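Novice: These protein sequence lines are chains 3, 3', 3'', 2, 1, 1' and 7, in that order. A prime marks a further copy of an entry chain.
Under the authors' numbering, think of the first position of the first sequence as 1, with each following residue one higher.
Under the authors' numbering, think of the first position of the second sequence as 1, with each following residue one higher.
Under the authors' numbering, think of the first position of the third sequence as 1, with each following residue one higher.
Just so we're aligned: the fourth sequence equals residues 1 to 42, 55 to 159, 175 to 268 in the authors' numbering.
Just so we're aligned: the fifth sequence equals residues 71 to 212, 232 to 279 in the authors' numbering.
Just so we're aligned: the sixth sequence equals residues 176 to 212, 232 to 279 in the authors' numbering.
Under the authors' numbering, think of the first position of the seventh sequence as 1, with each following residue one higher.
Heads up, the beta-carbon is just placed ideally off N, CA and C, and yes, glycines get one too.
Let me begin by handing over the structure; questions about it come next.
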Amino acid sequence: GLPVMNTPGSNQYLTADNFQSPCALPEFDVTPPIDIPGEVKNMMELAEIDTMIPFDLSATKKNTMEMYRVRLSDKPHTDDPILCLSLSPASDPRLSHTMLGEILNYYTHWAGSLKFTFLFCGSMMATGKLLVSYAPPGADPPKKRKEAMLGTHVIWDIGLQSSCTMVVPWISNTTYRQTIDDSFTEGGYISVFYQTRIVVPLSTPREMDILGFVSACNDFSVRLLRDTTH
Amino acid sequence: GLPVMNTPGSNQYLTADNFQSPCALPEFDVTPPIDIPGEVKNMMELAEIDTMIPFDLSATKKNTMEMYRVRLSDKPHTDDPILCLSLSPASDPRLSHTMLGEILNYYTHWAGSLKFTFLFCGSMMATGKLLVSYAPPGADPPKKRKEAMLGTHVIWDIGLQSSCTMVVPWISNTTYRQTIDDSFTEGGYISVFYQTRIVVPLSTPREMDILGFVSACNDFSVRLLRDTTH
Amino acid sequence: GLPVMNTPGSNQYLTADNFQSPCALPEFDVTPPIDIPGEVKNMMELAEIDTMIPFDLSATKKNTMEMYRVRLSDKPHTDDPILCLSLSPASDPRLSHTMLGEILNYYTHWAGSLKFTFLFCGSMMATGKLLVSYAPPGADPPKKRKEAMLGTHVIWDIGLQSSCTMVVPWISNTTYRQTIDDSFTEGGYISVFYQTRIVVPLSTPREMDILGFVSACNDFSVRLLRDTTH
Amino acid sequence: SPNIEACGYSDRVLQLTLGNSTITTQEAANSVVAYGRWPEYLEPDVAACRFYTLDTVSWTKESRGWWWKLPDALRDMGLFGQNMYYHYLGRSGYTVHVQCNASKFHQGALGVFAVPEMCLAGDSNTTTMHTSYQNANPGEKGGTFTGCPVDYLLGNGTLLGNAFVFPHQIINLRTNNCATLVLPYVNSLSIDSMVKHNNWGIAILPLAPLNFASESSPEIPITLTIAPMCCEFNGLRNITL
Amino acid sequence: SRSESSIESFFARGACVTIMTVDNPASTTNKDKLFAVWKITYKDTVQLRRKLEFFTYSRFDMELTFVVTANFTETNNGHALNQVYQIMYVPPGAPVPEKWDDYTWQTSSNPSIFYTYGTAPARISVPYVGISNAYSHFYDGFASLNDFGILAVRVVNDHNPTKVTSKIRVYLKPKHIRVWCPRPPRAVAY
Amino acid sequence: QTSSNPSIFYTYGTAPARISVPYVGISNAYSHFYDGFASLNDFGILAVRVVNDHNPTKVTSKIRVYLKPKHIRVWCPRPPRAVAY
Amino acid sequence: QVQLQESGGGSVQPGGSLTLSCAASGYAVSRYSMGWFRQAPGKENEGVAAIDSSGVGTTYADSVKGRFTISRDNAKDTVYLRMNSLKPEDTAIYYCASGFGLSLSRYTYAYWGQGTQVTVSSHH
């Protein structure tokens with residue numbers, strides 16, 4: 001026959017190959033597809049879907065309903081944050097459990113902006129003012145409103161609009177931000193603060209909650225398919 | 001020679017392959033074909049051929065001549081059917097032995113309409129009226145004429161035309177109806193009923209028979225070639 | 001399949017091959033390059049870069065700062081050279097340690113011209129005259145100015161220009177000059193001589209140095225990649 | 001996911017009248033198409061494609077939630093229940109409309125999730141279905157979650188927080204009093220048995236707890252109206268009776 | 071840029087799905103009795119299963135690959151010739167083989183693959199063999234799942250004085266795969 | 176069981192194994208020498243085992259790895275390491 | 001990831017004291033800070049003391065201010081809760097957690113603990 005020469009690689013099975021193989025059932029009448037709604041083209045599409053953050057994973061509150069409830073209590077005007085969250089989507093126990101984070105558990109890198117949406121779930125008749133703030137990678141967690149006020153932030157009026165979206169820009173060093181468990185990866189800081197203190201109408205229960213949603217953006221990507229299962 | 005690389009599959013014999021092989025007798029003068037009548041192109045063609053159903057497989061009547069004979073006896077106007085048949089072509093002992101069913105014993109699926117033809121074999125001079133009825137998948141076997149009358153049915157006059165064709169439409173859930181032995185697959189119901197009660201001329205033997213034929217249609221298909229032999 | 005025939009060479013791994021192989025990570029998003037200054041296209045480019053020669057590798061002076069210092073002392077008008085160097089870039093301990101020579105330690109041959117540049121590092125106010133000389137392959141080391149004066153040479157005036165470039169033409173027998181350790185490969189002779197004797201202004205330290213640089217030229221090449229490491 | 005802000009109170013009342021039936025929607029705007037697909041065709057038509065109201069359920073501080081099955085819920089509804097029961101086949105879309113009214117003095121948030129193939133609690137993956145045909149099919153009265176569907180696990184082994192992957196709206200007392208979900212027919216087949224298989228799963232859980240000021244209504248009511256859309260059944264079978 | 075995250079590229083991996091165990095005794099070792107039968111399911115391993123569970127439905131061309139390893143059991147200096155194995159894919163719902171002897175093993179209709187030991191691992195393509203428009207990961211109504238047929242494997246060579254143990258590793262690469270409605274992932278153990 | 180990681184089964188007696196790994200740098204370039212505040235860059239790890247099961251006769255094996263950098267580019271040039279490493 | 005164990009919990013007496021501590025894992029306590037929450041049986045989580053690691057500045061709840069103390073040692077990887085002048089209300093289910101910092105706020109803490117019960121008024 002045609003002069004041939006077996007080179008290195010022959011007879012080896014590369015799990016990640018892309019070779020053709022003999023069809024075990026010739027001419028089988030395959031049942032054609034039907035356009036069932038909700039096809040998925042890529043995994044990064046699932047992250048762009050808004051998902052509820054379990055902000056309060058306290059000992060009694062983690063793994064139950066209230067892990068998703070952020071209760072505006074009734075404490076001092078002490079700037080002590082009314083929720084702080086490290087934008088270390090993977091290297092922080094809370095963000096890791098959202099659809100966003102779940103996809104972010106199968107790759108080594110991520111790039112792009114994220115957006116934190118909050119839905120106020122408090123009695124219409126009430127008002128006040130809140131401030132959601134961001135703080136780029138590295139900086140100490142801003143502990144006083146005055147500090148948080150300096151970084152990228154939006155004043156979210158309860159009275160006016162129940163929901164508030166605060167996009168976290170892609171402020172980072174490298175082209176691909178590390179999605180692994182690093183010492184102290186940075187890493188934004190989304191945190192709401194009592195701009196004022198909650199105004200209440202006649203006799204409302206005075207304690208209401210806010211929910212939080214996270215999602216990636218069209219500029220969000222992932223590489224080097226990693227894994228784990230047990 | 002040309003750099004080559006043996007991949008997975010090499011040296012294996014796939015019973016269902018389609019590869020070329022060296023011709024053991026080079027240049028043999030093959031005897032050419034002659035157009036002998038009755039070529040067969042596909043197996044589904046054999047099913048479209050009308051075939052006689054052995055309706056009465058009673059203990060003494062199964063495996064003999066009379067298994068093909070449906071005797072209009074002389075009993076009460078009690079709607080009790082004058083033959084009932086489950087259109088479970090495979091999962092019913094009678095239909096399975098027709099050419100139609102025989103082909104339906106080599107596949108896992110079938111789709112399309114079937115047609116039940118009955119030839120009256122009774123003394124010209126006699127009359128009366130009969131009703132052949134169908135009942136779509138699931139429904140209880142219609143035990144009274146009144147019931148059978150509700151489903152798809154044709155009033156077959158003996159007097160007028162000796163033969164009667166009643167097509168079983170393809171009324172079913174899935175695209176391919178299961179040809180296997182399922183618990184209670186559905187499954188039509190072809191059954192004749194004494195619309196009236198047989199009129200007899202002067203002194204005919206008063207007992208005659210009817211034969212039954214079954215066949216597939218051009219819209220009848222089969223997939224996943226299964227088998228058995230012992 | 002297609003008639004094939006395994007020839008000699010099959011199954012052997014040739015370290016120096018150039019064959020394609022299956023990609024262990026399909027569709028990996030490779031991080032694109034950025035134009036960082038200083039790309040290198042070929043190794044011979046590094047030799048064209050001027051590099052400092054350690055002329056005085058005396059027992060105490062080799063492996064320290066002063067190995068690069070050629071001290072115009074204060075001795076007799078005895079033509080005894082004020083530095084001699086064998087242009088046996090490899091087979092001479094001094095030239096072998098320059099970038100030029102370092103590349104010349106990975107091949108079996110070299111061809112082309114080299115250029116010796118000297119930077120005078122003596123007190124502006126001083127003058128005198130020096131003569132750098134060459135002597136083609138084979139000839140005895142010219143020990144008297146009168147001799148060195150006969151070969152290709154340039155009169156380098158200290159007073160005028162601090163630096164002096166003297167190109168060593170490619171005068172040789174074979175097409176490719178042997179870069180190996182041969183008995184007495186030839187092999188030019190770059191050497192400076194006291195044309196006069198250093199003139200000194202008022203009260204300068206009277207002892208200054210000169211540095212030496214070597215580099216290949218665009219006509220410099222190498223073949224048969226040889227090696228060593230320990 | 002449903003980060004909208006229509007107006008807040010009430011603007012205009014536009015009533016939907018589909019045949020004999022008549023809803024007077026809060027407005028009508030703020031409707032969510034499931035996966036961006038309107039229901040479509042692959055016989056009481058306009059007569060059978062009319063919104064039937066299910067039973068009203070009571071939402072109280074201790075409510076764990078509620079769930080329903082489609083077609084199942086509407087199995088007792090006149091023309092739709094009949095064509096459903098007298099046919100081996102049947103496929104159909106739905107306009108789910110959940111109304112939750114209160115005042116400027118109540119508070120909380122209900123999540124109306126529409127889950128396709130919503131199998132419920134029986135971690136037995138080595139065998140789904142489990143719960144007898146009668147238990148799994150509670151018809152019109154509907155089934156309830158508990159702290175047997177577990178609320179935070181949306182009663183299927185998956186943390187509630189992610190339920191937002193399925194199409195849904197959130198009735199937030201301060202914003203909207205209604206949720207509207209146009210759900211097309213979702214199944215592995217072109218058309219299948221309506222009696223045996225449940226297409227969708229309407230889920231309503233307290234995403235925020237209910238809170239009323241001083242003393243008012245001890246509890247508030249929620250209502251689900253469901254409308255079949257593009258319903259076909261094969262084939263004119265038995266007419267028993 | 072996102073290509074290595076697309077559906078095809080998310081599943082374009084070969085994952086272990088099972089490890090069938092057969093043998094070649096010269097006597098009565100009926101547990102393997104030279105054959106092992108395995109019901110083709112993804113549900114035995116966990117890595118492939120969870121990757122497929124992020125969705126409810128899916129159509130997928132299934133490409134299997136078979137790596138066969140052998141070894142002598144008894145500390146004997148006994149020999150054996152290179153052995154041949156038979157790997158059969160029995161198309162969804164067909165006669166299930168028991169004994170290594172029986173008729174079923176003559177499979178007029180079912181495929182079969184003879185694999186000589188020592189060469190490149192075996193490989194076959196099975197098209198979307200779904201009975202429905204899609205495979206149902208989770209199923210609702212009134232487990233068996235969908236079904237992907239069964240795999241039977243035996244040593245074809247006859248009883249050799251020196252008993253030889255074998256292990257057939259199966260690998261499933263779903264190709265040209267599409268999916269439908271997305272459910273939240275299985276947090277806990279299965 | 177490496178759902179995501181690659182793997183290569185090599186039958187003994189045939190042509191030595193061979194795989195291509197693209198520029199897997201986390202940076203635009205690999206840093207031979209690194210400055211700031232070893233691990234270097236990292237090129238992953240190689241694990242090898244005998245898959246066949248425990249055979250009465252113990253067998254020793256040695257896997258030799260060979261690295262051919264292909265389609266290689268470089269940047270700033272430093273003087274060579276004169277001494278031992 | 002990090003699983004810090006609540007140590008020092010025991011049943012003492014009114015007017016008394018008790019030392020508590022939590023040892024690091026997953027990371028070196030020094031980056032995240034550490035604090036304590038005493039969720040009184042049947043009531044919500046109740047903040048008591050918080051301290052920052054790499055920037056020591058303490059914060060106390062006003063209900064326990066002055067009497068209660070908190071300290072840190074980043075070298076021993078442990079956080080030290082000094083509860084002084086303990087009373088009958090101070091009978092709660094205590095907890096240590098790590099957050100950012102140093103800010104008693106129901107949460108703003110990640111990994112918690114198991115729950116150590118200090119029954120101050122043990123004697124009647």
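Rank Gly123 (chain 2), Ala28 (chain 2), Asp84 (chain 2) and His224 (chain 2) by C-alpha distance to the C-alpha of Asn199 (chain 2) and give the top, closest one.
Specialist: In the fourth sequence, the residue the question calls residue 199 (chain 2) occupies position 172. Here the closest residue by C-alpha is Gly123 (chain 2).
Novice: When you compare the CB of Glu129 (chain 2) with every CB in chain 1, is at least one pair closer than 8 Å?
Specialist: The sequence position of residue 129 (chain 2) within the fourth sequence is 117, counting from 1. Judged by the 8 Å Cβ criterion, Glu129 (chain 2) is in contact with chain 1.
Novice: Under the assumption that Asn94 (chain 1) contacts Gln153 (chain 1) (Cβ atoms under 8 Å), give the Cβ distance between them as a whole number of angstroms.
Specialist: For the purposes of this step, residue 94 (chain 1) is identified with residue 24 of the fifth sequence, where counting begins at 1. For the purposes of this step, residue 153 (chain 1) is identified with residue 83 of the fifth sequence, where counting begins at 1. The Cβ separation is near 7 Å, so the contact holds.
Novice: Find the residues of chain 3'' that neighbour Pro3 (chain 3'), judging by a C-beta separation of less than 7 Å, and give them in chain order.
Specialist: One-based indexing of the second sequence puts residue 3 (chain 3') at position 3. The answer, in chain order, is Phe19.
Novice: Using 8 Å as the cut-off, can you tell me whether the region 182-193 of chain 3' makes contact with the region 68-82 of chain 3', which would need three or more C-beta pairs spanning the two stretches below that distance?
Specialist: In short, these stretches touch, since the Cβ pair count reaches three.
Novice: For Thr98 (chain 3), which residues of its own chain have a beta-carbon under 7 Å away from its beta-carbon, when the five flanking residues on both sides are left out?
Specialist: Looking up residue 98 (chain 3) in the first sequence gives position 98. Only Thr51, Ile53 and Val214 meet the Cβ criterion.
Novice: Should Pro191 (chain 1) be labelled buried (16 or more other beta-carbon atoms within 10 Å of its own) or exposed?
Specialist: One-based indexing of the fifth sequence puts residue 191 (chain 1) at position 121. Answer is buried; the Cβ neighbour count reaches 16.
Novice: Alpha carbon to alpha carbon, what distance is there between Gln12 (chain 3') and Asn6 (chain 3')?
Specialist: For this step, residue 6 (chain 3') is matched to residue 6 along the second sequence. For this step, residue 12 (chain 3') is matched to residue 12 along the second sequence. Their Cα atoms are separated by approximately 12 Å.
Novice: So, do the region 232-244 of chain 2 and the region 123-132 of chain 3' have three or more beta carbon pairs nearer to each other than 8 Å?
Specialist: Touching, no, given that fewer than three Cβ pairs across the two stretches are closer than 8 Å.
Novice: Based on DSSP bridge pairs, tell me the residues matched to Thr165 (chain 3').
Specialist: Reading the second sequence from its first residue, position 165 is the one you call residue 165 (chain 3'). In DSSP, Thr165 (chain 3') forms a bridge with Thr117 (chain 3').
Novice: Does the beta-carbon distance from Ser96 (chain 3) to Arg106 (chain 7) come in below 8 Å?
Specialist: Translated into positions along the first sequence, residue 96 (chain 3) becomes position 96. Translated into positions along the seventh sequence, residue 106 (chain 7) becomes position 106. No, they are not a contact pair.
Novice: Shorter than 8 Å from the beta carbon of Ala16 (chain 3) to some beta carbon of chain 3''?
Specialist: Start at 1 with the first residue of the first sequence, and residue 16 (chain 3) comes out as number 16. Cβ-Cβ to chain 3'' under 8 Å: yes for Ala16 (chain 3).
Novice: Of the residues that make up the region 108-123 of chain 3, which ones have a beta carbon closer than 8 Å to any beta carbon in chain 2?
Specialist: Answer in chain order: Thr117, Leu119, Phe120, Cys121, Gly122 and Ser123.
Novice: State yes or no: is the C-beta of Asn235 (chain 1) within less than 8 Å of the C-beta of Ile201 (chain 1)?
Specialist: Position 146 of the fifth sequence holds residue 235 (chain 1). Position 131 of the fifth sequence holds residue 201 (chain 1). In this structure, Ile201 (chain 1) lies closer than 8 Å to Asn235 (chain 1) by Cβ.
Novice: When the Cα atoms are used, what is the spatial distance from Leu186 (chain 2) to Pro37 (chain 3)?
Specialist: As a working mapping, residue 186 (chain 2) is identified with position 159 in the fourth sequence. As a working mapping, residue 37 (chain 3) is identified with position 37 in the first sequence. If I take the Cα positions, the gap works out to 23 Å.
Novice: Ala241 (chain 1) bridges to which residues according to DSSP?
Specialist: Counting from 1 along the fifth sequence, the entry for residue 241 (chain 1) is found at position 152. According to DSSP, which records beta bridges pairwise, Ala241 (chain 1) is partnered with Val107 (chain 1) and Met158 (chain 1).
Novice: Quick one: does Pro181 (chain 1') have its CB under 8 Å from some CB of chain 3?
Specialist: Counting from one through the sixth sequence, the residue named residue 181 (chain 1') turns up at place 6. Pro181 (chain 1') counts as touching chain 3.
Novice: Can you tell me which of the three DSSP states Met65 (chain 3') falls into?
Specialist: Taking the second sequence and counting its residues from 1, the one referred to as residue 65 (chain 3') is at position 65. Of the three classes helix, strand and coil, the one that applies to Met65 (chain 3') here is helix, per DSSP.
Novice: Within 8 Å (strictly less), CB to CB, does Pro33 (chain 3'') reach chain 3?
Specialist: Position 33 of the third sequence holds residue 33 (chain 3''). Chain 3 contact via Cβ: absent.
Novice: Looking at the unbroken alpha helix (DSSP H) that takes in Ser79 (chain 1), where does it start and where does it end?
Specialist: One-based indexing of the fifth sequence puts residue 79 (chain 1) at position 9. Counting along the chain, the alpha helix (DSSP H) containing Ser79 (chain 1) begins and ends at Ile77 to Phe81.
Novice: Suppose the cutoff is 8 Å on Cβ atoms and the five residues either side in sequence are ignored; what does the same chain contact list for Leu104 (chain 3'') look like?
Specialist: In the third sequence, counting from the first residue as 1, residue 104 (chain 3'') sits at position 104. Excluding sequence neighbours, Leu104 (chain 3'') sits near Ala47, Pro89, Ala90, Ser96, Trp110, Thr179 and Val222.
Novice: Just the chain 1 side, please: which residues come within less than 7 Å of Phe28 (chain 3'') by C-beta, in chain order?
Specialist: Taking the first residue of the third sequence as position 1, residue 28 (chain 3'') is located at position 28. Neighbours of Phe28 (chain 3'') on chain 1, chain order: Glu74.
Novice: Buried or exposed for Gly212 (chain 3), going by 16 or more other Cβ atoms inside 10 Å?
Specialist: As a position in the first sequence, residue 212 (chain 3) is number 212, starting the count at 1. Label assigned to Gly212 (chain 3): buried.
Novice: Tell me where the beta strand (DSSP E) around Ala276 (chain 1') begins and ends.
Specialist: Taking the sixth sequence and counting its residues from 1, the one referred to as residue 276 (chain 1') is at position 82. It is not in any beta strand (DSSP E) - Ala276 (chain 1') carries neither H nor E in the DSSP assignment.
Novice: Just to make sure I have the definition right: I need the residues of chain 3'' whose C-beta is within less than 9 Å of the C-beta of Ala82 (chain 1). Which are they?
Specialist: If you number the fifth sequence from 1, residue 82 (chain 1) lands on position 12. Near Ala82 (chain 1) (Cβ distances below 9 Å), the residues of chain 3'' are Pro26 and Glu27.
Novice: Taking the CB atoms as reference points, tell me whether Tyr209 (chain 1) and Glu152 (chain 2) lie closer together than 8 Å.
Specialist: Against the fifth sequence, residue 209 (chain 1) aligns to sequence position 139. Against the fourth sequence, residue 152 (chain 2) aligns to sequence position 140. No, Cβ-Cβ distance for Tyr209 (chain 1) and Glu152 (chain 2) is not below 8 Å.
Novice: If you draw a straight line from the C-alpha of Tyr100 (chain 2) to the C-alpha of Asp219 (chain 2), how long is it?
Specialist: Here the question's residue 100 (chain 2) lines up with position 88 in the fourth sequence. Here the question's residue 219 (chain 2) lines up with position 192 in the fourth sequence. Roughly 8 Å between the two C-alpha positions.
Novice: What residues from chain 3'' crowd round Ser195 (chain 1), counting only those whose CB sits closer than 9 Å?
Specialist: Counted from its first residue, the fifth sequence places residue 195 (chain 1) at position 125. Correct list: empty, because the minimum Cβ distance to chain 3'' is about 17 Å.
Novice: Check the Cβ of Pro191 (chain 1') against every Cβ in chain 3 and list those closer than 8 Å, keeping chain order.
Specialist: Within the sixth sequence, numbered from 1, the residue matching residue 191 (chain 1') stands at position 16. Ordered by position in chain 3, the residues that pass the 8 Å Cβ test against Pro191 (chain 1') are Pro8.
Novice: Kindly list, in the order they appear in chain 3, the residues whose Cβ is closer than 7 Å to that of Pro271 (chain 1).
Specialist: Counting from 1 along the fifth sequence, the entry for residue 271 (chain 1) is found at position 182. What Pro271 (chain 1) touches in chain 3: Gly38, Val40 and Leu46.
Novice: Hey, could you find the ends of the beta strand (DSSP E) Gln117 (chain 7) is sitting in?
Specialist: Mapped onto the seventh sequence, residue 117 (chain 7) falls at position 117. Unbroken beta strand (DSSP E) run through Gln117 (chain 7): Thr116 to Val118.
Novice: Taking the C-alpha atoms as reference points, what is the distance between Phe28 (chain 3'') and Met44 (chain 3)?
Specialist: Taking the third sequence and counting its residues from 1, one reaches residue 28 (chain 3'') at position 28. Taking the first sequence and counting its residues from 1, one reaches residue 44 (chain 3) at position 44. The alpha-carbon atoms of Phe28 (chain 3'') and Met44 (chain 3) are separated by roughly 15 Å.
Novice: Taking just the CA atoms, how far does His207 (chain 1) sit from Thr143 (chain 2)?
Specialist: Here residue 143 (chain 2) corresponds to residue number 131 of the fourth sequence, with the count starting at 1. Here residue 207 (chain 1) corresponds to residue number 137 of the fifth sequence, with the count starting at 1. Roughly 19 Å separates the two Cα atoms.
Novice: Residues in the same chain with beta-carbon distance under 6 Å from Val2 (chain 7), minus the five sequence neighbours each way, listed in chain order, please.
Specialist: Locating residue 2 (chain 7) in the seventh sequence gives position 2, counting from the first residue. So the qualifying residues of the chain are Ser25, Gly26, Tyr27 and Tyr111.
Novice: May I have a chain-ordered list of the alpha helix (DSSP H) segments no shorter than 4 residues that lie completely inside the region 214-259 of chain 2?
Specialist: Listed in chain order, nothing qualifies, since the region 214-259 of chain 2 has no complete alpha helix (DSSP H) run of 4 or more residues.
Novice: 8 Å is my cut-off, CB to CB: does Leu85 (chain 3') come that close to chain 2?
Specialist: Within the second sequence, residue 85 (chain 3') is the residue found at index 85, counting from 1. It does not: the Cβ of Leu85 (chain 3') has no partner Cβ on chain 2 nearer than 8 Å.
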